[PDB]
Amino acid sequence: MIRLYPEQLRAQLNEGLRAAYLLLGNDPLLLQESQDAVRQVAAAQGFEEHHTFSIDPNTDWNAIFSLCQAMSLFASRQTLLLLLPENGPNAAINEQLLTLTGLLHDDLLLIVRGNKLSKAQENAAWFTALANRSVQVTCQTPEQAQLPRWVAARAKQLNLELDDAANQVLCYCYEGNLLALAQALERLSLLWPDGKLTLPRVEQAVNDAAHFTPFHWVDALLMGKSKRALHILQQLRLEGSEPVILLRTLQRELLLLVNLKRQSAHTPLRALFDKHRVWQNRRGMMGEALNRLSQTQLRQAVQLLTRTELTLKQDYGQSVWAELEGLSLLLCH
Amino acid sequence: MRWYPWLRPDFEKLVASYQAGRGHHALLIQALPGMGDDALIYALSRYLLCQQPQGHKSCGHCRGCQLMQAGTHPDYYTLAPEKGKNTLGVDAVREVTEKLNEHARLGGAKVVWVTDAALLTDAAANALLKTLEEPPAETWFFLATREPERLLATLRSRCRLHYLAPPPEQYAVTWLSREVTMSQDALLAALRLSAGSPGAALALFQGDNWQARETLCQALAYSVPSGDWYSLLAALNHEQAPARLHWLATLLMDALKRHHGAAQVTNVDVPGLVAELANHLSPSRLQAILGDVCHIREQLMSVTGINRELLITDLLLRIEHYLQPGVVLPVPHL
Amino acid sequence: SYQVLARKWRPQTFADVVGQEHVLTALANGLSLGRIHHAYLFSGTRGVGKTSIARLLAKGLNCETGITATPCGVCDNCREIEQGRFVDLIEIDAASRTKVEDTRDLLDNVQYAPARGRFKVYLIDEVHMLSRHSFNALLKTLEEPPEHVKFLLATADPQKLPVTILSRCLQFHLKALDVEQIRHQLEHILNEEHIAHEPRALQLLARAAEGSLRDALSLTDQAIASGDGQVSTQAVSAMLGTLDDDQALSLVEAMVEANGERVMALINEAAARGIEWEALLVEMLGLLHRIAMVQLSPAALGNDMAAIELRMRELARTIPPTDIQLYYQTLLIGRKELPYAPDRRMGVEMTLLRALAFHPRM
Amino acid sequence: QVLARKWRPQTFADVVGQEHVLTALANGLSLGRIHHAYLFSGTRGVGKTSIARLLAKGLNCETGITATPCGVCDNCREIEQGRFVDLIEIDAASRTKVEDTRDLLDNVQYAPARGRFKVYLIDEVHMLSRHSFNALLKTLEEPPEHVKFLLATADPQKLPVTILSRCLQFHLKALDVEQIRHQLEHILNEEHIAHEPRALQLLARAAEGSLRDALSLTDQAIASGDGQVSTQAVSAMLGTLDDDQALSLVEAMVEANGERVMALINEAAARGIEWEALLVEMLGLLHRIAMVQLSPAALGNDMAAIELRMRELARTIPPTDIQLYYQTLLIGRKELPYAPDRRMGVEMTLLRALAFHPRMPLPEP
Amino acid sequence: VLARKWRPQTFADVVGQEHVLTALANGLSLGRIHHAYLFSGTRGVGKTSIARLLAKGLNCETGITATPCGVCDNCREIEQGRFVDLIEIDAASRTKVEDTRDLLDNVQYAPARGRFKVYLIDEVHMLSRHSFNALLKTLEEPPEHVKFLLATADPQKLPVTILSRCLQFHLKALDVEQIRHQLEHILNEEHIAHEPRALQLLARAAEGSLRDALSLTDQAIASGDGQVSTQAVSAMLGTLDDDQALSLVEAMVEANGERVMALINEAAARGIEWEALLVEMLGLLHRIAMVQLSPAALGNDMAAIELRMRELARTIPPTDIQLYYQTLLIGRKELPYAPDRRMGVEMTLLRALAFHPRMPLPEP
DNA sequence: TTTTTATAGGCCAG
DNA sequence: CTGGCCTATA
Ligand SMILES: Nc1ncnc2c1ncn2[C@@H]1O[C@H](COP(=O)(O)OP(=O)(O)O)[C@@H](O)[C@H]1O
Ligand SMILES: Nc1ncnc2c1ncn2[C@@H]1O[C@H](COP(=O)(O)OP(=O)(O)O)[C@@H](O)[C@H]1O
Ligand SMILES: Nc1ncnc2c1ncn2[C@@H]1O[C@H](COP(=O)(O)OP(=O)(O)O)[C@@H](O)[C@H]1O
Ligand code: BEF
Ligand code: BEF
Ligand code: BEF
Ligand SMILES: [Mg+2]
Ligand SMILES: [Mg+2]
Ligand SMILES: [Mg+2]
Ligand SMILES: [Zn+2]
Ligand SMILES: [Zn+2]
Ligand SMILES: [Zn+2]
Ligand SMILES: [Zn+2]
């Protein structure tokens, strides 16, 4: 099963089409763009009839018996699309899929959209026997690390020339929202046919529209980057995040910090992370935190996070967002 | 739902008034948990609904008694909370207040049992007000609480109060000795933990509960000398926290009582833990900590949805701070 | 056809109403002057005549005899209101029918003229519970009703109404009923009912009414079951939780003497006698008050204390005024926070314990 | 009948205050510069609904678009009786939904039956669903020549910015003690009702800025005082006591003399005066005093009969001392609910005052 | 009305927005027309005005052009209101699906006057899930003779599945000068007197919107009886002040007790809820105390209040800031007990003042 | 790996 | 007019 990054797809769909095209990921643009790159080349291989179908656990055993039937020869080539649930392929749908795996024609082309799969979900028989036939496209979004490369890359494919500094400024503004980063370039190339995107030129044509998850925030706190935090808060507001969610995710971590910091006098740092099942990529970050924050700061953070929980659910208060701006600063000294 | 012997005379006095037809349409009984108000009421309910009453007694063989006997009797409304929840909402009241205008669906009396008035939402309470002041005829209300003073002002004045006082301590301990086999000192504490209520007492021995007090006590026996009170999280952080916090409250208080050389303590069965509190903590801090431990307990009980772990954790981290010399301690307000 | 006193004795003519004389006056006064408003709002604590009076004003507007301030109670129209059956007094349980959709119906049926009465009178009771949207729906109509329409709002908790609603109403704030007011009324009722009573037990009941006639009547009906038929001094006092004067002072004393072992040991015998904790705290607040008073002028101690006066004056002389205020303060806050602590007993224990450890200054 | 309703101004002349709104409108009608969305805001009872209707009356007056409608032509009189087929007074608080707003819109296109303009006056407009706000957006930005929108509301903040940017906002100010007073007098005179000049100052104040609150208050004054608006009546109803007895106890307090404090309380007590009430007038005085200290002219216009003494107190007592007396009398209030006995509590509060008095504490043992 | 009259009918006539216009210009110019544009930004900054220009320049009788002529039958026809092939849907009053399905049944038939059938869907954030789905189907398979200009001030509400099918142009808020200049232009052309600083005061009050600006002017022109004076404008804007709480912080720190008690009076007219003033103050104090820990603590949000705020931060002692703060929170805790909510706020400031560290209150 | 609750008001498709 | 869905206020 040829795994691909959306950029690479265009080329390996020109080589050979394959009976199954698996579009998996989270990013709304990498999905649409991949989706369309396939539908486009299918019309162009004789495909007229295109059918779509969102698969809830709602699809009856009569809705999946009108899909298996949806492929009989000889009809002008047809492109059957399937959309997926939050969970992915459940035990009910894990089996419906198995029924489609052996019905494959040059006449029927399978396209499947949704999130990433649990490892034993991917390893469920039907999927690996599709394997040598199918193509699979990673649609996960790039993170604050991997992102600039993806930009300087797209920048080039649109033959625009981006500066080290202009790259930096797009990535700041559009992190986590590629669809806006993408139009960002589209808009800039209409702006200047040159193709040369000096910093100050690109500066004037930008608006601030990042999308974070509450996780992004705790991370910035853990690594003591405060200006970053505050940006994350301000965006988390305008997206209208339930602040209750922020409280609870800050807490899973802040209470774990309290508890590590104490024991860290008795047992080595490393054994503690193990003790607690601390995801590996998180572990260096954590230590950073544990080093900068006193056993007191942590306590003050706990008291202050508590005042804002009461202030929220008892006092029905407004404060909350600003109390978190301040909590955020406290954890960065 | 059990019936306890100390109900006989309270029941016999309350039925009387009913038997004369001069019963009050809105009786609010106040009883500790486990005092058996639920059974006292049932008795009163059953009597009101039986069509062939043998004096105080419900006969068992009339249509009414049969239906009652089998869950379903059209004219008995139970207002407790939805299964998942811990409040008793307004919509639930409004069904009952409406259906109550329909002629009795079996042409008898209609009785409404509100299990715990404390659980009436503010909105639920008021919705109950006009129907409660002047119900249709042959309608009979029963409500119960721990604490009438926590109850909406206007709801309170439409009821008649009946107080379910608990039996003498001696009686209750002799009651208990026949239900569980524990040390005399044990019973006595369980009973005293439970404000006098046998059976609320008895309930401590039944659960996982007493095993968990011993765990609190073990843990406490360690935190005191060492100053590690965050160590208590594990024995307190549990859904039963309000109760266990109250256990901890009474220990702190018993220590405060010894600093004053008082005869009764509450935790009669653990006089060693009590002494060690007295020894390693100043009056000033025993008292302050008692303050906070209660205050959180309240919040834990009275703030819908509040996060237990965070609150207990902050309470423990903060107690440790009080332990330090010269820190400024809390003093009640207003 | 039995009913609780609280219910039977609802005043059925202005003449039968206890106190509230400022409301009754402006009402009778405006009815006579011809100055009849369209939106009367009636407020006060529980059970002091709010909705009893609304209902009286309604008989008065619709009475077959004429618009009167002294309604007969003997025409189809006053009888029907007495019994709730009167078609042109629409009584709304606002606390139940809180929704806008509901109150918008109310309005759609205002335009229509009265059935058999002279005015269509809406009596919206417990009005503080109408939703925000309900309150505003009423705004335009409440300010500008049809000439045949009158609004009578009653609520115990008027803070909760928008200020736009208040702007448009005449607000009558019924006072709490005076201790004697409540008492004379208790006497009258127990007399007409033909029930035996002892003067001093009416005293205890009025005090305990805590300002409210309904409260008072409910306690009385409780006396009458507890008492086997009589409302005697002996009975009421057992029921209410009343104190024998010694026990309270003894505690005040042990408290200021920083005598821990005794304050606790003394609360314990109180616990056994089954004392009402809020009463203790209150009686205690009361003695602390005398004491602090006497310290001002010696003659401020009552005739009523004779058996105590020797112990009072001492406490007055010994204890500094400053230190008595901290005692009063501390037990006051303690009463406030009483119903929140895990027992009622435990609350008195935390309260006195706290107070205990004041004694030495420096 | 009812004052608050009878006296709704029927010409601009009759409107109290709001010069800045009245002037602008009038300056604009004759100026021929006339918006299509006027928005009126400010607290209850300040004249927004009645101005709105006056504008409409002026827009359609058979004499010409004029700032001084004639109050006699069929249109003028008809608008006054609320039955003019081209002033559609919309009760936004009942027509809140979209499907309602949509009906209002559907009938916008259609031309007026009798007047120059179809005027929608959308009152209590802050109640409109979010949906029905946006439904208004485009029609409110670009109406037909013969349409005008008069929105009015108690609180404007509820309105989406997209609505606001589209209309002229006239925020009517709440009214001065003096402005209210003058009106209360005018009306009582015209209505032929005996009154004591101070009962008016007292009402104008209790009115807390609202001219309606004022009239509502007067109405029940007329009833309470039996056809007379008398000072005894008014302060009865307001729970004020006539000002000497409150002040006299303050003074007694600052002067540390207990005997007189207690006496003055015993005297408060035979009158039966309401205990929280008293505590309040005292903070009420302690404040104006702390006030007068700060800025001198700041002492009220209501207390002429007491000023000699008030002035004196501000002079002689240190601000740090006064903040103390207020503090103390305040928690006294906080405490009153819980004190054994509402009197006892007020008594005990002043005893705290004396015990902690700064200049002459109560005698230690 | 000024807001209506001066709506740009030419690209030249448009204030700012140069990063949208230029891209539109060049796209028309260089043959790059997307099938769907989405115009966003705040109230009254040019969103729909530009939508209507893209339409003129899309159908001009001269051709497809950045410089539409505004005079041909098609250009005055659109300027007017009735152009047969400019279908401007008011999507807020027509949001149900029935209505959107019917709009789209005619999408297929060709345009009966100009080059293009232009659907101009305004305040589009209001359409239902289902009206979006239906719109989407037509934007996924755009007819050739059809273009779609979508405008909303709040784009966050459109599905991601639509945002992904439109080139979205986010209009900027207009700068104080940008607004000031247009004010001057217009007021002059209409032949109306004005003082330099009256206009500077208007533009500032507009809070970045060219409509909120012209609306503020029209009203100004009234209070001035035909003249726009500083004497006059300053008046009217004081009528409409949000100001009162930020202003009291400034006037509190400076110990100016007349300015402090006159602002409290200004607050009473605007008709404030008192516990609310207090809370805006505590809340300002907090916000400032944090722009003491970093500059980044002032929001995208704050802009018009902003300049004032950074200066308040610099020129104050942070041990003093938590001093005032304790006093205001207490005044709150005290306010329901203070005799008059007003009196409460007053005595809370009067307390703030006498216990002022920097310039205390005079004692006898 | 993402969360308070009780009551209310409201919009929409079919 | 139902059931799904969203939202604001305390
Ligand atoms: N002023 C009064 N005079 C006589 N009885 C009263 C008075 N106030 C209350 N009551 C008694 O209280 C009962 C309930 O009174 P009600 O008028 O409903 O009080 P509320 O203000 O709480 O609605 C009445 O039926 C009557 O027995
Ligand atoms: N400016 C004013 N001049 C004269 N009377 C007023 C004024 N404002 C309020 N009133 C009185 O109060 C009544 C209600 O006024 P209204 O204008 O409806 O207030 P609102 O602004 O809250 O709608 C009026 O009929 C009038 O008697
Ligand atoms: N860039 C601009 N240039 C000139 N006038 C503008 C500009 N932006 C807004 N306006 C003024 O505001 C009025 C309405 O603008 P509009 O573009 O409809 O705002 P919206 O983005 O909210 O739909 C226009 O008539 C114009 O007078
Ligand atoms: F019981 Be009442 F209506 F306050
Ligand atoms: F009485 Be107003 F319209 F608020
Ligand atoms: F027309 Be705009 F969005 F105010
Ligand atoms: Mg009532
Ligand atoms: Mg109005
Ligand atoms: Mg627009
Ligand atoms: Zn039976
Ligand atoms: Zn009659
Ligand atoms: Zn006229
Ligand atoms: Zn042209």
# chains A, B, ... in the order shown; residues from 1 in each chain; ligands from 1
$ residues_near_ligand --ligand "ligand 9" --cutoff "8 Å" --atoms "only C-alpha atoms (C1' of nucleotides) and all ligand atoms" --output "ChimeraX atom specification"
/D:137-138 /E:43-44,46-49,122-123,151-153
$ interface_residues --of "chain D" --to "chain B" --cutoff "8 Å" --atoms "only C-alpha atoms" --output "NGL selection string"
:D and (331 or 334-335)
$ write_last_selection --atoms "C-alpha atoms" --output "CSV table (one decimal), in the first residue's frame"
chain,number,residue,atom,x,y,z
D,331,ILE,CA,-21.0,45.7,58.4
D,334,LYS,CA,-24.4,43.1,56.7
D,335,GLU,CA,-24.9,41.8,60.3
$ interface_residues --of "chain C" --to "chain G" --cutoff "12 Å" --atoms "only C-alpha atoms (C1' of nucleotides)" --output "NGL selection string"
:C and (131-133)
$ closest_residue --among "B:115, B:194, B:304, B:206" --to "chain F" --atoms "only C-alpha atoms (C1' of nucleotides)"
B:304
$ interface_residues --of "chain F" --to "chain B" --cutoff "8 Å" --atoms "only C-alpha atoms (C1' of nucleotides)" --output "ChimeraX atom specification"
/F:4-6
$ residues_near_ligand --ligand "ligand 2" --cutoff "8 Å" --atoms "only C-alpha atoms (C1' of nucleotides) and all ligand atoms" --output "VMD selection string"
(chain C and resid 143 164) or (chain D and resid 3 to 9 14 to 18 41 to 51 123 152 to 154 183 210 to 213 215)
$ write_last_selection --atoms "N, CA, C and O atoms" --output "tab-separated table (two decimals), in the first residue's frame"
chain	number	residue	atom	x	y	z
C	143	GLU	N	-47.61	49.03	30.80
C	143	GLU	CA	-47.60	50.48	30.78
C	143	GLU	C	-48.91	51.06	30.19
C	143	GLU	O	-49.34	52.15	30.59
C	164	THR	N	-37.43	48.00	34.60
C	164	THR	CA	-38.42	48.51	33.68
C	164	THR	C	-39.80	48.11	34.12
C	164	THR	O	-40.76	48.84	33.89
D	3	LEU	N	-51.27	59.16	36.13
D	3	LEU	CA	-50.40	60.28	35.78
D	3	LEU	C	-49.40	59.93	34.71
D	3	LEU	O	-49.27	60.61	33.69
D	4	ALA	N	-48.68	58.85	34.97
D	4	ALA	CA	-47.56	58.49	34.14
D	4	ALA	C	-47.98	58.47	32.68
D	4	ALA	O	-47.19	58.79	31.80
D	5	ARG	N	-49.24	58.12	32.43
D	5	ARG	CA	-49.74	57.96	31.06
D	5	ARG	C	-50.37	59.25	30.50
D	5	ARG	O	-50.13	59.63	29.36
D	6	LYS	N	-51.17	59.91	31.33
D	6	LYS	CA	-51.81	61.16	30.98
D	6	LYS	C	-50.82	62.21	30.50
D	6	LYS	O	-51.16	63.03	29.64
D	7	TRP	N	-49.60	62.23	31.06
D	7	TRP	CA	-48.71	63.37	30.80
D	7	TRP	C	-47.66	63.20	29.71
D	7	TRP	O	-46.90	64.14	29.43
D	8	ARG	N	-47.67	62.02	29.07
D	8	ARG	CA	-46.83	61.82	27.90
D	8	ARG	C	-46.87	63.05	27.01
D	8	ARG	O	-47.93	63.42	26.49
D	9	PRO	N	-45.73	63.70	26.80
D	9	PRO	CA	-45.63	64.95	26.05
D	9	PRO	C	-46.24	64.75	24.69
D	9	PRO	O	-46.03	63.67	24.10
D	14	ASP	N	-43.30	70.06	25.10
D	14	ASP	CA	-43.70	69.44	26.38
D	14	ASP	C	-42.69	68.46	26.98
D	14	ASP	O	-42.93	67.93	28.06
D	15	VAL	N	-41.60	68.19	26.27
D	15	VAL	CA	-40.64	67.16	26.66
D	15	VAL	C	-39.65	67.79	27.60
D	15	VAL	O	-39.20	68.91	27.37
D	16	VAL	N	-39.28	67.04	28.64
D	16	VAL	CA	-38.37	67.54	29.65
D	16	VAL	C	-36.98	67.07	29.32
D	16	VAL	O	-36.77	65.89	29.10
D	17	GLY	N	-36.04	68.00	29.30
D	17	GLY	CA	-34.65	67.65	29.06
D	17	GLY	C	-34.44	67.09	27.68
D	17	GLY	O	-35.27	67.28	26.79
D	18	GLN	N	-33.31	66.41	27.50
D	18	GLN	CA	-33.00	65.79	26.23
D	18	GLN	C	-32.79	66.82	25.13
D	18	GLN	O	-33.01	66.53	23.96
D	41	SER	N	-32.18	55.38	23.10
D	41	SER	CA	-31.70	54.57	24.23
D	41	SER	C	-31.53	55.40	25.48
D	41	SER	O	-31.44	56.61	25.38
D	42	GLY	N	-31.47	54.73	26.64
D	42	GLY	CA	-31.35	55.38	27.95
D	42	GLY	C	-32.28	54.78	29.00
D	42	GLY	O	-33.21	54.08	28.65
D	43	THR	N	-32.07	55.03	30.29
D	43	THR	CA	-32.81	54.18	31.21
D	43	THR	C	-34.27	54.42	31.13
D	43	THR	O	-34.73	55.40	30.56
D	44	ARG	N	-34.97	53.48	31.76
D	44	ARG	CA	-36.41	53.49	31.79
D	44	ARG	C	-36.92	54.86	32.16
D	44	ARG	O	-36.39	55.50	33.05
D	45	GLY	N	-37.94	55.33	31.45
D	45	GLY	CA	-38.70	56.48	31.90
D	45	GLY	C	-38.09	57.81	31.55
D	45	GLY	O	-38.40	58.80	32.19
D	46	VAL	N	-37.26	57.87	30.52
D	46	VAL	CA	-36.57	59.12	30.28
D	46	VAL	C	-37.09	59.81	29.05
D	46	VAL	O	-36.73	60.93	28.73
D	47	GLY	N	-37.98	59.13	28.36
D	47	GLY	CA	-38.68	59.78	27.28
D	47	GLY	C	-38.44	59.21	25.90
D	47	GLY	O	-38.83	59.82	24.91
D	48	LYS	N	-37.81	58.03	25.83
D	48	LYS	CA	-37.51	57.48	24.51
D	48	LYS	C	-38.76	57.06	23.67
D	48	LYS	O	-38.91	57.52	22.55
D	49	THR	N	-39.66	56.25	24.22
D	49	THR	CA	-40.91	55.95	23.52
D	49	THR	C	-41.69	57.24	23.17
D	49	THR	O	-42.23	57.36	22.08
D	50	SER	N	-41.72	58.21	24.06
D	50	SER	CA	-42.59	59.34	23.79
D	50	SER	C	-41.98	60.31	22.78
D	50	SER	O	-42.70	61.02	22.05
D	51	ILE	N	-40.65	60.36	22.77
D	51	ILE	CA	-39.96	61.10	21.74
D	51	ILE	C	-40.22	60.39	20.42
D	51	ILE	O	-40.79	60.98	19.51
D	123	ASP	N	-40.37	49.12	19.36
D	123	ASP	CA	-40.10	49.40	20.78
D	123	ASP	C	-39.68	48.14	21.53
D	123	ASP	O	-40.07	47.04	21.15
D	152	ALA	N	-36.43	51.85	19.50
D	152	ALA	CA	-36.12	52.37	20.81
D	152	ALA	C	-35.88	51.23	21.80
D	152	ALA	O	-36.49	50.17	21.69
D	153	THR	N	-34.97	51.44	22.75
D	153	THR	CA	-34.68	50.43	23.77
D	153	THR	C	-33.96	50.92	25.01
D	153	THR	O	-33.07	51.75	24.98
D	154	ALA	N	-34.38	50.34	26.11
D	154	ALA	CA	-33.75	50.52	27.40
D	154	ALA	C	-32.26	50.21	27.42
D	154	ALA	O	-31.48	51.01	27.95
D	183	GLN	N	-40.96	69.36	36.83
D	183	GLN	CA	-42.08	68.67	36.21
D	183	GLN	C	-43.12	68.25	37.25
D	183	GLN	O	-44.32	68.46	37.07
D	210	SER	N	-35.33	58.65	36.84
D	210	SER	CA	-36.44	58.31	35.94
D	210	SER	C	-37.70	59.17	36.12
D	210	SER	O	-38.29	59.21	37.18
D	211	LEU	N	-38.15	59.83	35.06
D	211	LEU	CA	-39.34	60.67	35.16
D	211	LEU	C	-40.59	59.82	35.34
D	211	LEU	O	-41.53	60.26	36.00
D	212	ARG	N	-40.61	58.62	34.77
D	212	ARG	CA	-41.74	57.78	35.05
D	212	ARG	C	-41.69	57.33	36.50
D	212	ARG	O	-42.67	57.48	37.23
D	213	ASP	N	-40.56	56.76	36.93
D	213	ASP	CA	-40.44	56.28	38.30
D	213	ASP	C	-41.03	57.40	39.18
D	213	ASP	O	-41.72	57.14	40.16
D	215	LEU	N	-43.34	59.87	38.42
D	215	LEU	CA	-44.78	59.98	38.39
D	215	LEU	C	-45.43	58.79	39.09
D	215	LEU	O	-46.30	58.97	39.93
$ decode --residues "range 175-186 of chain E" --atoms "N, CA and C atoms" --output "CSV table (one decimal), in the first residue's frame"
chain,number,residue,atom,x,y,z
E,175,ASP,N,-8.1,52.9,9.1
E,175,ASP,CA,-7.2,53.6,10.0
E,175,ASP,C,-7.8,55.0,10.2
E,176,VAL,N,-7.7,55.5,11.4
E,176,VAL,CA,-8.0,56.9,11.8
E,176,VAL,C,-7.8,58.0,10.7
E,177,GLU,N,-6.6,57.9,10.0
E,177,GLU,CA,-6.4,58.9,9.0
E,177,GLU,C,-7.2,58.5,7.8
E,178,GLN,N,-7.1,57.2,7.3
E,178,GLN,CA,-8.0,56.8,6.2
E,178,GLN,C,-9.4,57.2,6.3
E,179,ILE,N,-10.0,57.1,7.5
E,179,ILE,CA,-11.4,57.6,7.8
E,179,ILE,C,-11.5,59.1,7.9
E,180,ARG,N,-10.5,59.7,8.5
E,180,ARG,CA,-10.5,61.2,8.6
E,180,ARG,C,-10.5,61.9,7.2
E,181,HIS,N,-9.6,61.3,6.3
E,181,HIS,CA,-9.5,61.9,5.0
E,181,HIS,C,-10.9,61.8,4.3
E,182,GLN,N,-11.5,60.7,4.3
E,182,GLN,CA,-12.8,60.5,3.6
E,182,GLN,C,-13.9,61.4,4.2
E,183,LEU,N,-13.8,61.6,5.5
E,183,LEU,CA,-14.7,62.5,6.2
E,183,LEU,C,-14.6,63.9,5.5
E,184,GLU,N,-13.3,64.4,5.6
E,184,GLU,CA,-13.0,65.7,5.0
E,184,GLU,C,-13.5,65.8,3.5
E,185,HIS,N,-13.1,64.8,2.7
E,185,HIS,CA,-13.6,64.8,1.3
E,185,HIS,C,-15.1,65.1,1.2
E,186,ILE,N,-15.9,64.1,1.6
E,186,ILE,CA,-17.3,64.2,1.7
E,186,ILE,C,-17.9,65.5,2.2
